[PDB]
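Student: Sharing a structure with you now.
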Amino acid sequence: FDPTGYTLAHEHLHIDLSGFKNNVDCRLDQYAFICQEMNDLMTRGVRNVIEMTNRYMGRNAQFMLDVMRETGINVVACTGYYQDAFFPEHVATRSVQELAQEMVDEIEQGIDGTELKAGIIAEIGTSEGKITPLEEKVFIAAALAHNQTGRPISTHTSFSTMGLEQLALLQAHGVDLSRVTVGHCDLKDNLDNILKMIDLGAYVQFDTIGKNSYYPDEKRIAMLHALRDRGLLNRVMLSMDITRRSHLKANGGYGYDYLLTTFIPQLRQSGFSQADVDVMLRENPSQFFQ
Ligand SMILES: [Zn+2]
Ligand SMILES: [Zn+2]
């Protein structure tokens, strides 16, 4: 991790949900295209990408090591379990302590039989409008792993729900909330809960920039303005959450660097300063991910 560079707080470089979703677009494995995307990011000052694909989402450590070697970008890999509909059957049968020890080993020993080690517990998720019993179990296991290793936790919210409940659960199990960042806060008008999450001590992410099907970038910007008016940009981080082949520029998509080429300039034009952007893209991630 290079704290002098910009950081994308929630991205995938190799993820394969094509089996779960019966959809080849969800097999993001196009190495040559992704290397070019990483080079594109570097050219605009992004030097860190926090990679959110844990083991059973189709993580590929060797692929990530190869991307770093080809491009020089820093990738922080993760350990964890995703969300209820996607868990392997063994999440149910193994104990909390066993799931925790798995994450600890991925942080301390390495992942996928390589020299690469997990640097964050992520993206650990909850379902839409509820936390299932197995999701609670994963979160409790994540808390244990965080306590043993000190690595921060990055979550998944489904349709921007249950963030406050995730925080309450993690805190109850000894996680200081300054070590938690809540994913996908920008899929709906969500200001009231965002303000409560920031007040509790957590970081929040607008990590679905460009996903306008779900919710317009225009409204993301308005929320960011509300946060800026309140002096809370020091707890906000941004990303694209690239997850699909169709998101890549080589496939006609907007790509990872859309954040810099398109979204940030809209943000600037709407009244943000260079300093405001540096806070969200450099200072916050350097504070949080190290
Ligand atoms: Zn997610
Ligand atoms: Zn993701």
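Along the chain as shown, the residues are counted starting at 1.
Header lists the method as X-ray crystallography, 1.8 Å.
Quick reminder: no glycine exception, Cβ is built from N, Cα and C everywhere.
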Student: Which of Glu123, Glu128 shares the Zn(2+) 1 site with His10, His12, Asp241 per Swiss-Prot?
Tutor: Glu123
Student: Based on Swiss-Prot, name the residue from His90, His184, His225 that is recorded for the same Zn(2+) 2 site as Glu123, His156.
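Tutor: Given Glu123, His156 bind Zn(2+) 2 in Swiss-Prot, the matching entry from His90, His184, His225 is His184.
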Student: Got a sec? Which of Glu123, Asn147, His156, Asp241, the binding-site residues, have CB under 6 Å of any ligand 1 atom?
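Tutor: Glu123, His156, by Cβ distance under 6 Å.
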Student: Hey, how far is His184 (Zn(2+) 2 binding site) from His146 (beta-D-glucose binding site), Cα to Cα, in Å?
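Tutor: Cα-Cα distance, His184 (Zn(2+) 2 binding site) to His146 (beta-D-glucose binding site): 21 Å.
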Student: In DSSP terms, helix, strand or coil for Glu123 (Zn(2+) 1 binding site)?
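Tutor: DSSP call for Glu123 (Zn(2+) 1 binding site): strand.
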Student: Near the Cβ of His12 (Zn(2+) 1 binding site), how many other Cβ atoms are there if near means within 10 Å?
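Tutor: Looking across every protein chain shown, the total is 23.
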Student: Using Cβ atoms only, which residues of the same chain lie under 8 Å from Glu123 (Zn(2+) 1 binding site) while being at least 6 residues apart in sequence?
Tutor: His10, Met52, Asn54, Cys78, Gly80, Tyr82, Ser154, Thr155, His156, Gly183
Student: Which binding-site residues, if any, among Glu123, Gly174, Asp176, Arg179, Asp241 have a Cβ under 6 Å from ligand 2, given in order along the chain?
Tutor: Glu123, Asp241
